[PDB]
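The data block below is final_5.tsv; it holds TSV, C-alpha atoms and all ligand atoms.
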```
chain	number	residue	atom	x	y	z
A	1	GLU	CA	78.59	80.57	87.55
A	2	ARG	CA	82.23	80.16	86.46
A	3	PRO	CA	82.80	82.62	83.61
A	4	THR	CA	84.32	81.54	80.31
A	5	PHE	CA	88.08	82.17	80.20
A	6	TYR	CA	90.20	83.04	77.19
A	7	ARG	CA	93.98	82.99	76.74
A	8	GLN	CA	96.53	85.41	75.34
A	9	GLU	CA	100.28	85.93	75.59
A	10	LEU	CA	101.56	89.37	76.61
A	11	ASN	CA	105.33	89.97	76.75
A	12	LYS	CA	106.01	86.22	77.16
A	13	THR	CA	103.37	85.67	79.90
A	14	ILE	CA	100.13	83.73	79.35
A	15	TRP	CA	97.08	85.54	80.68
A	16	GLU	CA	93.96	83.40	81.12
A	17	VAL	CA	91.10	85.70	82.11
A	18	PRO	CA	87.26	85.88	82.08
A	19	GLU	CA	85.77	87.14	78.79
A	20	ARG	CA	84.48	90.28	80.60
A	21	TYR	CA	88.06	91.62	80.58
A	22	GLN	CA	89.04	93.02	77.20
A	23	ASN	CA	91.80	95.10	75.59
A	24	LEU	CA	94.57	93.74	77.83
A	25	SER	CA	97.81	95.70	77.51
A	26	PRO	CA	101.00	95.08	79.51
A	27	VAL	CA	102.20	97.78	81.87
A	28	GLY	CA	105.09	95.89	83.51
A	29	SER	CA	106.64	92.76	85.01
A	30	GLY	CA	109.08	91.88	87.80
A	31	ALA	CA	109.50	89.62	90.84
A	32	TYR	CA	106.07	90.87	92.02
A	33	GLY	CA	104.42	89.29	88.97
A	34	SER	CA	102.98	91.00	85.89
A	35	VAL	CA	100.50	93.86	85.52
A	36	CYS	CA	98.22	94.73	82.59
A	37	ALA	CA	95.58	97.34	81.99
A	38	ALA	CA	92.19	96.21	80.76
A	39	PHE	CA	88.60	97.23	80.27
A	40	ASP	CA	85.97	95.45	82.37
A	41	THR	CA	82.98	95.28	80.03
A	42	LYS	CA	80.72	94.20	82.92
A	43	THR	CA	81.22	97.30	85.08
A	44	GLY	CA	82.54	99.76	82.50
A	45	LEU	CA	85.64	100.29	84.66
A	46	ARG	CA	89.18	100.64	83.41
A	47	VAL	CA	91.05	98.08	85.46
A	48	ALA	CA	94.53	96.96	86.35
A	49	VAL	CA	95.15	93.22	86.73
A	50	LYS	CA	98.08	91.68	88.61
A	51	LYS	CA	99.04	88.09	87.85
A	52	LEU	CA	101.02	86.73	90.81
A	53	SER	CA	104.39	85.15	90.00
A	54	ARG	CA	104.84	81.58	91.33
A	55	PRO	CA	102.69	82.20	94.30
A	56	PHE	CA	103.23	78.92	96.21
A	57	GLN	CA	106.88	78.13	95.43
A	58	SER	CA	108.05	78.25	99.07
A	59	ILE	CA	106.48	78.54	102.54
A	60	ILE	CA	107.49	82.24	102.65
A	61	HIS	CA	105.99	82.95	99.20
A	62	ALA	CA	102.76	80.99	99.89
A	63	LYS	CA	102.24	82.98	103.12
A	64	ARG	CA	103.04	86.21	101.24
A	65	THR	CA	100.38	85.35	98.64
A	66	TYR	CA	97.81	84.64	101.37
A	67	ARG	CA	98.77	87.86	103.20
A	68	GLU	CA	98.30	90.02	100.10
A	69	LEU	CA	94.95	88.46	99.18
A	70	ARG	CA	93.66	88.86	102.76
A	71	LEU	CA	94.72	92.51	102.89
A	72	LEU	CA	93.31	93.40	99.47
A	73	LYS	CA	90.02	91.60	100.22
A	74	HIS	CA	89.60	93.58	103.43
A	75	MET	CA	90.09	97.08	101.99
A	76	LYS	CA	86.92	98.80	100.87
A	77	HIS	CA	87.57	102.54	100.74
A	78	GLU	CA	87.78	105.26	98.03
A	79	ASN	CA	91.39	106.15	98.92
A	80	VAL	CA	92.75	102.62	99.26
A	81	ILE	CA	93.49	100.06	96.52
A	82	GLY	CA	91.10	97.11	97.04
A	83	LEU	CA	89.69	94.24	95.00
A	84	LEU	CA	87.17	94.60	92.22
A	85	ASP	CA	87.72	90.90	91.43
A	86	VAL	CA	90.02	87.94	92.09
A	87	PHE	CA	90.06	84.82	89.96
A	88	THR	CA	91.90	81.70	88.92
A	89	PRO	CA	91.30	79.67	85.73
A	90	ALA	CA	91.71	76.54	87.93
A	91	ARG	CA	88.62	74.40	88.54
A	92	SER	CA	89.95	72.60	91.64
A	93	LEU	CA	92.42	73.09	94.52
A	94	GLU	CA	94.61	70.45	92.86
A	95	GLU	CA	95.14	72.48	89.66
A	96	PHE	CA	95.23	75.84	91.52
A	97	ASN	CA	98.51	77.66	90.82
A	98	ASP	CA	97.72	81.13	89.48
A	99	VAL	CA	96.10	84.11	91.20
A	100	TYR	CA	94.81	87.19	89.35
A	101	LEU	CA	93.98	90.37	91.26
A	102	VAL	CA	91.79	93.10	89.69
A	103	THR	CA	91.58	96.71	90.85
A	104	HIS	CA	91.04	100.24	89.53
A	105	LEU	CA	93.36	101.53	86.85
A	106	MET	CA	94.73	104.82	88.12
A	107	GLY	CA	97.57	104.92	85.60
A	108	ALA	CA	100.28	106.86	87.45
A	109	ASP	CA	101.84	107.26	90.88
A	110	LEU	CA	102.54	110.55	92.63
A	111	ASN	CA	106.31	110.17	92.19
A	112	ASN	CA	106.15	109.72	88.42
A	113	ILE	CA	103.95	112.83	88.07
A	114	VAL	CA	105.13	115.49	90.56
A	115	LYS	CA	108.76	114.63	91.48
A	116	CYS	CA	110.86	117.82	91.72
A	117	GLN	CA	107.76	120.04	91.45
A	118	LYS	CA	106.29	122.45	93.99
A	119	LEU	CA	102.51	122.06	94.10
A	120	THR	CA	99.93	124.73	94.96
A	121	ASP	CA	98.65	124.80	98.51
A	122	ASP	CA	95.12	123.83	97.43
A	123	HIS	CA	96.57	120.89	95.45
A	124	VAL	CA	98.55	119.73	98.51
A	125	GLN	CA	95.41	120.06	100.68
A	126	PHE	CA	93.48	117.73	98.33
A	127	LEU	CA	96.26	115.16	98.02
A	128	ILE	CA	97.15	114.97	101.73
A	129	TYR	CA	93.45	114.96	102.72
A	130	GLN	CA	92.93	111.82	100.63
A	131	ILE	CA	96.02	110.12	102.05
A	132	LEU	CA	94.83	110.84	105.60
A	133	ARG	CA	91.28	109.71	104.79
A	134	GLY	CA	92.64	106.37	103.55
A	135	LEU	CA	95.02	106.14	106.52
A	136	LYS	CA	92.19	106.73	109.01
A	137	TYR	CA	90.45	103.73	107.43
A	138	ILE	CA	93.58	101.50	107.29
A	139	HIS	CA	94.60	102.35	110.86
A	140	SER	CA	91.08	101.74	112.18
A	141	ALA	CA	91.50	98.09	111.03
A	142	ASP	CA	94.80	97.98	112.96
A	143	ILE	CA	96.75	97.68	109.71
A	144	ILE	CA	100.06	99.52	109.35
A	145	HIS	CA	101.14	100.49	105.84
A	146	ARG	CA	104.82	100.62	106.89
A	147	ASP	CA	106.18	101.83	103.51
A	148	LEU	CA	104.26	104.94	102.55
A	149	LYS	CA	106.07	107.04	99.87
A	150	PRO	CA	105.05	108.95	96.68
A	151	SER	CA	105.50	105.86	94.47
A	152	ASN	CA	102.92	103.99	96.60
A	153	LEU	CA	100.25	106.60	95.93
A	154	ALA	CA	98.28	105.79	92.78
A	155	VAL	CA	96.84	108.89	91.17
A	156	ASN	CA	94.62	109.61	88.16
A	157	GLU	CA	94.44	112.70	85.91
A	158	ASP	CA	92.01	114.38	88.36
A	159	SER	CA	94.44	113.93	91.30
A	160	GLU	CA	92.18	111.28	92.85
A	161	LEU	CA	94.33	109.09	95.04
A	162	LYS	CA	94.46	105.46	96.17
A	163	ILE	CA	97.03	104.01	98.57
A	164	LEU	CA	98.72	100.81	97.44
A	165	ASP	CA	101.45	98.24	98.09
A	166	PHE	CA	100.98	97.98	101.85
A	167	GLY	CA	100.99	95.85	105.00
A	168	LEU	CA	103.37	93.65	103.00
A	169	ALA	CA	106.90	94.99	103.64
A	170	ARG	CA	109.54	93.39	103.55
A	171	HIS	CA	112.62	95.12	102.14
A	172	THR	CA	116.12	93.70	101.86
A	173	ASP	CA	119.02	95.42	103.64
A	174	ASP	CA	120.52	96.27	100.25
A	175	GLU	CA	117.32	98.00	99.08
A	176	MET	CA	117.44	100.36	102.10
A	177	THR	CA	121.14	101.20	101.67
A	178	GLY	CA	122.48	104.56	100.51
A	179	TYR	CA	120.88	107.45	98.66
A	180	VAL	CA	117.48	105.77	98.21
A	181	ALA	CA	113.77	106.78	98.28
A	182	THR	CA	113.02	103.41	99.89
A	183	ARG	CA	114.34	104.90	103.17
A	184	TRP	CA	113.70	108.71	102.93
A	185	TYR	CA	110.07	108.51	104.13
A	186	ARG	CA	110.71	106.14	107.04
A	187	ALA	CA	110.12	107.13	110.67
A	188	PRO	CA	113.42	107.10	112.58
A	189	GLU	CA	112.18	104.50	115.09
A	190	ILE	CA	111.65	101.96	112.26
A	191	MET	CA	114.70	103.00	110.16
A	192	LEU	CA	116.99	102.32	113.14
A	193	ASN	CA	114.86	99.77	115.03
A	194	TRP	CA	114.61	101.82	118.21
A	195	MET	CA	111.54	100.06	119.63
A	196	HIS	CA	108.36	98.20	118.75
A	197	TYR	CA	106.80	100.40	116.10
A	198	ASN	CA	103.10	100.94	115.48
A	199	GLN	CA	100.77	102.82	113.07
A	200	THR	CA	102.29	106.20	114.02
A	201	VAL	CA	105.16	105.38	111.63
A	202	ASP	CA	102.78	106.13	108.74
A	203	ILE	CA	102.07	109.67	109.97
A	204	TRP	CA	105.81	110.47	109.84
A	205	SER	CA	105.75	109.33	106.20
A	206	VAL	CA	102.79	111.62	105.44
A	207	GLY	CA	104.77	114.53	106.97
A	208	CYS	CA	107.69	113.72	104.64
A	209	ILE	CA	105.35	113.51	101.62
A	210	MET	CA	103.52	116.76	102.48
A	211	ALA	CA	106.78	118.71	102.93
A	212	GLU	CA	108.01	117.51	99.53
A	213	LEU	CA	104.74	118.45	97.80
A	214	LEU	CA	104.99	121.97	99.34
A	215	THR	CA	108.64	122.55	98.41
A	216	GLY	CA	109.39	120.28	95.44
A	217	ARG	CA	112.30	118.87	97.50
A	218	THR	CA	112.86	115.60	99.39
A	219	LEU	CA	112.63	116.39	103.11
A	220	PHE	CA	115.29	113.97	104.39
A	221	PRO	CA	117.31	112.80	101.36
A	222	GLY	CA	119.94	110.98	103.43
A	223	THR	CA	122.98	109.39	101.75
A	224	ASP	CA	122.75	106.49	104.30
A	225	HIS	CA	120.95	105.64	107.58
A	226	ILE	CA	123.22	107.79	109.77
A	227	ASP	CA	123.32	110.78	107.44
A	228	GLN	CA	119.51	110.61	107.29
A	229	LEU	CA	119.22	110.49	111.08
A	230	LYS	CA	121.43	113.62	111.26
A	231	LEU	CA	119.15	115.41	108.75
A	232	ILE	CA	116.11	114.41	110.81
A	233	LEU	CA	117.52	115.49	114.17
A	234	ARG	CA	118.68	118.83	112.75
A	235	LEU	CA	115.02	119.63	111.96
A	236	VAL	CA	113.13	118.07	114.88
A	237	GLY	CA	115.78	118.25	117.60
A	238	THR	CA	117.67	115.48	119.37
A	239	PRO	CA	115.66	113.17	121.69
A	240	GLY	CA	114.84	114.29	125.21
A	241	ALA	CA	114.97	112.13	128.35
A	242	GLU	CA	111.37	110.90	127.94
A	243	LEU	CA	111.98	109.55	124.44
A	244	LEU	CA	115.42	108.12	125.24
A	245	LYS	CA	113.77	105.85	127.84
A	246	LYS	CA	111.36	104.53	125.19
A	247	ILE	CA	114.28	103.51	122.96
A	248	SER	CA	114.40	99.90	124.09
A	249	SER	CA	117.46	99.18	121.93
A	250	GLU	CA	120.52	99.67	124.16
A	251	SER	CA	122.88	100.08	121.23
A	252	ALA	CA	120.65	102.64	119.49
A	253	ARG	CA	120.11	104.58	122.75
A	254	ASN	CA	123.90	104.63	123.35
A	255	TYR	CA	124.54	106.02	119.86
A	256	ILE	CA	121.88	108.77	120.05
A	257	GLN	CA	123.46	110.05	123.27
A	258	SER	CA	126.82	110.47	121.53
A	259	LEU	CA	125.30	113.27	119.45
A	260	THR	CA	125.52	116.95	120.38
A	261	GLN	CA	122.09	118.07	121.53
A	262	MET	CA	120.16	120.28	119.11
A	263	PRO	CA	116.87	122.13	119.55
A	264	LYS	CA	113.90	121.71	117.16
A	265	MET	CA	114.07	124.25	114.28
A	266	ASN	CA	111.47	126.94	113.50
A	267	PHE	CA	109.36	125.33	110.72
A	268	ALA	CA	108.21	128.81	109.59
A	269	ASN	CA	111.83	129.55	108.73
A	270	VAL	CA	112.24	126.20	107.01
A	271	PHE	CA	109.04	126.23	104.95
A	272	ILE	CA	109.25	129.91	104.02
A	273	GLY	CA	106.04	131.25	102.54
A	274	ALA	CA	103.96	128.14	103.24
A	275	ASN	CA	100.39	128.34	104.58
A	276	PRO	CA	100.78	128.74	108.37
A	277	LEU	CA	98.19	125.95	108.79
A	278	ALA	CA	100.36	123.65	106.63
A	279	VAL	CA	103.35	124.55	108.80
A	280	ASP	CA	101.34	123.82	111.96
A	281	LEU	CA	100.25	120.43	110.62
A	282	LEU	CA	103.81	119.54	109.59
A	283	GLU	CA	105.00	120.30	113.15
A	284	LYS	CA	102.32	117.95	114.48
A	285	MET	CA	103.21	115.08	112.12
A	286	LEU	CA	107.00	115.37	112.32
A	287	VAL	CA	107.39	114.78	116.04
A	288	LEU	CA	110.32	112.61	116.97
A	289	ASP	CA	108.43	110.84	119.77
A	290	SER	CA	105.83	108.74	117.93
A	291	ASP	CA	103.44	108.77	120.94
A	292	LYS	CA	103.07	112.53	120.45
A	293	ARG	CA	102.36	112.62	116.69
A	294	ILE	CA	98.93	113.67	115.45
A	295	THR	CA	96.78	110.68	114.37
A	296	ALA	CA	95.05	110.43	110.99
A	297	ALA	CA	91.62	110.88	112.66
A	298	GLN	CA	92.88	114.04	114.44
A	299	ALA	CA	94.63	115.44	111.34
A	300	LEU	CA	91.40	115.22	109.30
A	301	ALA	CA	89.83	117.69	111.76
A	302	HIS	CA	92.79	120.12	111.48
A	303	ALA	CA	91.91	123.56	110.04
A	304	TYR	CA	94.22	122.98	107.02
A	305	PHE	CA	91.56	120.63	105.58
A	306	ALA	CA	88.55	122.88	106.29
A	307	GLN	CA	87.56	122.85	102.58
A	308	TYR	CA	87.61	119.04	102.38
A	309	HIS	CA	86.79	117.71	105.87
A	310	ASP	CA	83.46	115.94	106.32
A	311	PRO	CA	83.11	113.91	109.55
A	312	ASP	CA	80.15	112.03	108.00
A	313	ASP	CA	82.22	110.93	104.99
A	314	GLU	CA	85.47	109.66	106.57
A	315	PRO	CA	84.57	106.02	107.22
A	316	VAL	CA	86.34	103.43	109.36
A	317	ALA	CA	87.07	99.79	108.59
A	318	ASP	CA	85.92	96.48	110.03
A	319	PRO	CA	88.55	94.97	112.33
A	320	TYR	CA	91.21	93.00	110.44
A	321	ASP	CA	92.18	89.62	111.88
A	322	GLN	CA	95.89	89.03	111.24
A	323	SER	CA	96.31	86.16	113.69
A	324	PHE	CA	97.57	84.11	110.72
A	325	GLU	CA	100.85	86.07	110.96
A	326	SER	CA	101.69	84.12	114.15
A	327	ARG	CA	101.23	80.72	112.43
A	328	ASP	CA	103.77	78.39	110.85
A	329	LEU	CA	101.88	76.33	108.29
A	330	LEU	CA	102.99	74.11	105.41
A	331	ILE	CA	102.87	75.27	101.77
A	332	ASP	CA	99.72	73.27	101.03
A	333	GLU	CA	97.99	74.76	104.09
A	334	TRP	CA	98.74	78.36	102.97
A	335	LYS	CA	97.71	77.37	99.44
A	336	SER	CA	94.37	75.89	100.64
A	337	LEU	CA	93.64	78.99	102.74
A	338	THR	CA	94.39	81.17	99.69
A	339	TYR	CA	92.13	79.02	97.50
A	340	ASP	CA	89.32	79.37	100.06
A	341	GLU	CA	89.75	83.17	99.89
A	342	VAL	CA	89.70	83.18	96.07
A	343	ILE	CA	86.54	81.06	95.81
A	344	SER	CA	84.68	82.91	98.61
A	345	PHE	CA	85.21	86.35	97.02
A	346	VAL	CA	82.06	88.44	96.60
A	347	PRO	CA	82.28	91.42	94.22
A	348	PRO	CA	81.35	94.99	95.27
A	349	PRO	CA	77.68	96.00	94.91
B	1	LIG	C1	106.51	98.22	93.76
B	1	LIG	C2	106.41	97.78	92.32
B	1	LIG	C3	107.02	96.41	92.24
B	1	LIG	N1	104.95	97.75	91.93
B	1	LIG	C4	104.48	99.14	91.66
B	1	LIG	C5	102.97	99.08	91.57
B	1	LIG	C6	102.51	98.20	90.42
B	1	LIG	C7	101.01	98.36	90.40
B	1	LIG	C8	100.15	97.45	90.99
B	1	LIG	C9	98.78	97.64	90.96
B	1	LIG	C10	97.90	96.66	91.58
B	1	LIG	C11	97.75	96.64	92.96
B	1	LIG	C12	96.90	95.74	93.56
B	1	LIG	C13	96.17	94.85	92.79
B	1	LIG	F1	95.33	93.98	93.37
B	1	LIG	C14	96.30	94.85	91.42
B	1	LIG	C15	97.16	95.75	90.84
B	1	LIG	CL1	97.25	95.69	89.13
B	1	LIG	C16	98.28	98.77	90.34
B	1	LIG	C17	99.12	99.68	89.73
B	1	LIG	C18	100.48	99.47	89.77
B	1	LIG	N2	98.58	100.83	89.10
B	1	LIG	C19	99.44	101.58	88.26
B	1	LIG	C20	100.16	102.63	88.77
B	1	LIG	CL2	100.04	103.00	90.44
B	1	LIG	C21	101.00	103.38	87.97
B	1	LIG	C22	101.09	103.08	86.63
B	1	LIG	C23	100.36	102.03	86.10
B	1	LIG	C24	99.54	101.29	86.92
B	1	LIG	CL3	98.63	99.98	86.27
B	1	LIG	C25	97.22	101.09	89.01
B	1	LIG	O1	96.76	102.05	88.40
B	1	LIG	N3	96.37	100.21	89.66
B	1	LIG	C26	96.80	98.99	90.31
B	1	LIG	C27	103.05	96.80	90.65
B	1	LIG	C28	104.58	96.83	90.82
```
Since I need it in another form, could you write the structure as structure tokens?
Amino acid sequence: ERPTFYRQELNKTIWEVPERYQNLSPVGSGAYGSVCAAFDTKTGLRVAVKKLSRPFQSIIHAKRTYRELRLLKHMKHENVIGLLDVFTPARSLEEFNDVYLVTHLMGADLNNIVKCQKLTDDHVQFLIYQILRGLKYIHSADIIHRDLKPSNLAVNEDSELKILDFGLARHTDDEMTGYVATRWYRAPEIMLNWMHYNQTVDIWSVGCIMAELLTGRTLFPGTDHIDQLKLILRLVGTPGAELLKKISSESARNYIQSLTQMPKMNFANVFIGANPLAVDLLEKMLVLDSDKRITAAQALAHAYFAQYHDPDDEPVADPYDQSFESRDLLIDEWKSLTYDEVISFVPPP
């Protein structure tokens, strides 16, 4: 049941894809690979296809390819980017060297659409509800996104939202330096490596996104790591004794204690004119001590989402086995595991 493949060149890249996929049009290329939009004649869906760039060129890249395929194959939720299809034109492991990943075409991200704009409260409710719905699912599988920001939120013309580009990290030091959106949505404990982080980092990011949707302004647009920390602590207060103890980094703990203590600000005086329920939720997400932040499951039940919340339609995921992360395998071993995952793929019903 191997489909028939056909070939075409799009901006200097050869795409070899099953006949079902028609009207391929490039959207972009980079180190990540190449993306096109297409129409899936079999399902009637508008799709986006990612062709991975050299996916087995080093041990690190082979493992990265396996990691992404595993994550995308696991995710089956309305608010999370998952796989409609995955294919290779290769007929054997020996000739296997290209991976194509098919998902829904959303066509924009939240950053490209609403940057610098203040959204209506009902609009923010719908957008944040969807993010939290997807996060409840992701977190239930013990997956951490780690890099949630407006540009990682795929959105269509009806403001329907799917979370993408996650569980994958892994930014360079340069990319996180200076006046950059790559760092503005990061929880302080991960930005400054205070301690072993967990899924609560994502809730901080949601707080930062929500604030920005409500105001049209970046919440913590730091010019560098330290400037950003100062912006954060001005809003949420300096750490107390309880949190200082949890900062397992001696150097980081020492630095924090050099700062003049500041109390948490009144969020009602920061977010002037906002829905008091939005203000309440922001206070519960933007807690310095990650242990004390609201979870996605808890936030869904918050009164702010009364119009959207349905406890019978906020599903959880199967557990996700990431034991492979602890393994040092050879290129050909990662490649074989990836091939097994490609060939074992079963499409959605
Ligand atoms: C961080 C940079 C390097 N990265 C930004 C995201 C890009 C990107 C990747 C993927 C993707 C993800 C997983 C998968 F299995 C297959 C695919 Cl194609 C999609 C999109 C964008 N978009 C999209 C958006 Cl969000 C805005 C405009 C146009 C388009 Cl096509 C979709 O609509 N659907 C899927 C890839 C490059």
request  = Using CA of residue 296 (chain A) and CA of residue 136 (chain A) as the two end points, give the distance in Å to one decimal.
outcome  =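 Rounded to one decimal, the two atoms are 5.1 Å apart.
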Exercise on ligand LIG 1 (chain B), axis-aligned box with 5 Å per side, report centre and edge lengths in Å to one decimal, as AutoDock Vina command-line options:
```
--center_x 101.2 --center_y 98.7 --center_z 89.9 --size_x 21.7 --size_y 19.4 --size_z 17.7
```
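Counting all atoms listed in the file and comparing A:212, A:189, A:9, A:227, the residue that lies closest to residue 288 (chain A) is A:189.
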task = Let me have all residues with an atom within 7 Å of ligand LIG 1 (chain B), counting only C-alpha atoms and all ligand atoms, laid out as an MDAnalysis selection string.
result = chainID A and resid 27 30 32 35:37 48:50 72 81:83 101:109 152:155 164:165
message = Every residue with an atom at most 9 Å from (95.6, 94.3, 102.9) (file coordinates; all atoms listed in the file) is what I'm after, so could you write them as a list in words?
response = residues 67, 68, 69, 70, 71, 72, 73, 74, 75, 81, 82, 138, 143, 145, 165, 166, 167, 168 and 320 of chain A
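Separating CA of residue 113 (chain A) from CA of residue 149 (chain A) is a distance of 13.3 Å.
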message = Could you list, as a list in words, every residue within 9 Å of residue 186 (chain A), counting only C-alpha atoms and ignoring same-chain residues fewer than 2 positions away?
response =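 My reading of the contact set: residues 146, 147, 148, 149, 182, 183, 184, 188, 189, 190, 191, 201, 202, 204, 205 and 208 of chain A.
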query = Any idea what's packed within 6 Å of region 14-21 of chain A, counting only C-alpha atoms, ignoring anything in its chain fewer than 2 positions away? Could you give it as a list in words?
reply =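 Counting only the stated atoms, we get residues 3, 4, 5, 6, 7, 8, 9, 39, 40, 41 and 42 of chain A.
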message = Taking all atoms listed in the file into account, name the residue in A:243, A:285, A:60, A:210 that is nearest to residue 170 (chain A).
response =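 Distance minimum relative to residue 170 (chain A) lands on A:60.
For the pair CA of residue 292 (chain A) and CA of residue 231 (chain A), the separation is 20.1 Å.
Distance annotation: of A:250, A:324, A:257, A:29, the residue with the minimal separation from residue 193 (chain A) is A:250; atom set is only C-alpha atoms.
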Around (95.2, 121.0, 106.0), as given in the file, which residues come within 10 Å? Count all atoms listed in the file and list them as an mmCIF file with C-alpha atoms, keeping the file's coordinate frame.
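Printed below is out-v7.cif as written:
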```cif
data_model
loop_
_atom_site.group_PDB
_atom_site.id
_atom_site.type_symbol
_atom_site.label_atom_id
_atom_site.label_comp_id
_atom_site.auth_asym_id
_atom_site.auth_seq_id
_atom_site.Cartn_x
_atom_site.Cartn_y
_atom_site.Cartn_z
ATOM 1 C CA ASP A 121 98.650 124.800 98.510
ATOM 2 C CA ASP A 122 95.120 123.830 97.430
ATOM 3 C CA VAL A 124 98.550 119.730 98.510
ATOM 4 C CA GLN A 125 95.410 120.060 100.680
ATOM 5 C CA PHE A 126 93.480 117.730 98.330
ATOM 6 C CA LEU A 127 96.260 115.160 98.020
ATOM 7 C CA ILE A 128 97.150 114.970 101.730
ATOM 8 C CA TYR A 129 93.450 114.960 102.720
ATOM 9 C CA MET A 210 103.520 116.760 102.480
ATOM 10 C CA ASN A 275 100.390 128.340 104.580
ATOM 11 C CA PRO A 276 100.780 128.740 108.370
ATOM 12 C CA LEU A 277 98.190 125.950 108.790
ATOM 13 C CA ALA A 278 100.360 123.650 106.630
ATOM 14 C CA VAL A 279 103.350 124.550 108.800
ATOM 15 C CA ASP A 280 101.340 123.820 111.960
ATOM 16 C CA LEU A 281 100.250 120.430 110.620
ATOM 17 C CA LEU A 282 103.810 119.540 109.590
ATOM 18 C CA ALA A 299 94.630 115.440 111.340
ATOM 19 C CA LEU A 300 91.400 115.220 109.300
ATOM 20 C CA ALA A 301 89.830 117.690 111.760
ATOM 21 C CA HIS A 302 92.790 120.120 111.480
ATOM 22 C CA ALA A 303 91.910 123.560 110.040
ATOM 23 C CA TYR A 304 94.220 122.980 107.020
ATOM 24 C CA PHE A 305 91.560 120.630 105.580
ATOM 25 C CA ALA A 306 88.550 122.880 106.290
ATOM 26 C CA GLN A 307 87.560 122.850 102.580
ATOM 27 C CA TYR A 308 87.610 119.040 102.380
ATOM 28 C CA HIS A 309 86.790 117.710 105.870
#
```
inquiry  = Measuring between all atoms listed in the file, which one of A:218, A:316, A:235, A:255 shows the shortest distance to residue 78 (chain A)?
reply    =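 Of all the options, A:316 lies closest to residue 78 (chain A).
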message = Could you list, as a PyMOL selection string, every residue within 10 Å of residue 273 (chain A), counting only C-alpha atoms and ignoring same-chain residues fewer than 5 positions away?
response = chain A and resi 214-215+268+279
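Shortest atom-to-atom contact with residue 241 (chain A) among A:261, A:322, A:269, A:111: A:261, counting all atoms listed in the file.
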ask   = Taking into account all atoms listed in the file, which residue in the set A:195, A:330, A:209, A:317 is nearest to residue 286 (chain A)?
value = A:209
Incomplete region 274-285 of chain A brought to N, CA and C atoms, written out as an mmCIF file, in the frame of the given file:
```cif
data_model
loop_
_atom_site.group_PDB
_atom_site.id
_atom_site.type_symbol
_atom_site.label_atom_id
_atom_site.label_comp_id
_atom_site.auth_asym_id
_atom_site.auth_seq_id
_atom_site.Cartn_x
_atom_site.Cartn_y
_atom_site.Cartn_z
ATOM 1 N N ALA A 274 105.025 129.132 103.203
ATOM 2 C CA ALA A 274 103.960 128.140 103.240
ATOM 3 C C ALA A 274 102.784 128.645 104.080
ATOM 4 N N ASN A 275 101.583 128.164 103.746
ATOM 5 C CA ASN A 275 100.390 128.340 104.580
ATOM 6 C C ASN A 275 100.724 128.035 106.035
ATOM 7 N N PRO A 276 100.501 129.001 106.954
ATOM 8 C CA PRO A 276 100.780 128.740 108.370
ATOM 9 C C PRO A 276 100.067 127.496 108.933
ATOM 10 N N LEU A 277 98.921 127.145 108.356
ATOM 11 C CA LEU A 277 98.190 125.950 108.790
ATOM 12 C C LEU A 277 98.907 124.681 108.307
ATOM 13 N N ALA A 278 99.508 124.750 107.121
ATOM 14 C CA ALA A 278 100.360 123.650 106.630
ATOM 15 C C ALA A 278 101.589 123.479 107.513
ATOM 16 N N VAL A 279 102.207 124.599 107.886
ATOM 17 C CA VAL A 279 103.350 124.550 108.800
ATOM 18 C C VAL A 279 102.968 123.938 110.141
ATOM 19 N N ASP A 280 101.832 124.363 110.692
ATOM 20 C CA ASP A 280 101.340 123.820 111.960
ATOM 21 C C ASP A 280 101.140 122.302 111.867
ATOM 22 N N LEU A 281 100.514 121.858 110.783
ATOM 23 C CA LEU A 281 100.250 120.430 110.620
ATOM 24 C C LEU A 281 101.547 119.636 110.484
ATOM 25 N N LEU A 282 102.491 120.164 109.707
ATOM 26 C CA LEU A 282 103.810 119.540 109.590
ATOM 27 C C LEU A 282 104.491 119.379 110.957
ATOM 28 N N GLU A 283 104.432 120.401 111.805
ATOM 29 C CA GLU A 283 105.000 120.300 113.150
ATOM 30 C C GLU A 283 104.336 119.205 113.976
ATOM 31 N N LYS A 284 103.058 118.960 113.713
ATOM 32 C CA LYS A 284 102.320 117.950 114.480
ATOM 33 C C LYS A 284 102.530 116.519 113.973
ATOM 34 N N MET A 285 102.911 116.391 112.705
ATOM 35 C CA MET A 285 103.210 115.080 112.120
ATOM 36 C C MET A 285 104.654 114.669 112.361
#
```
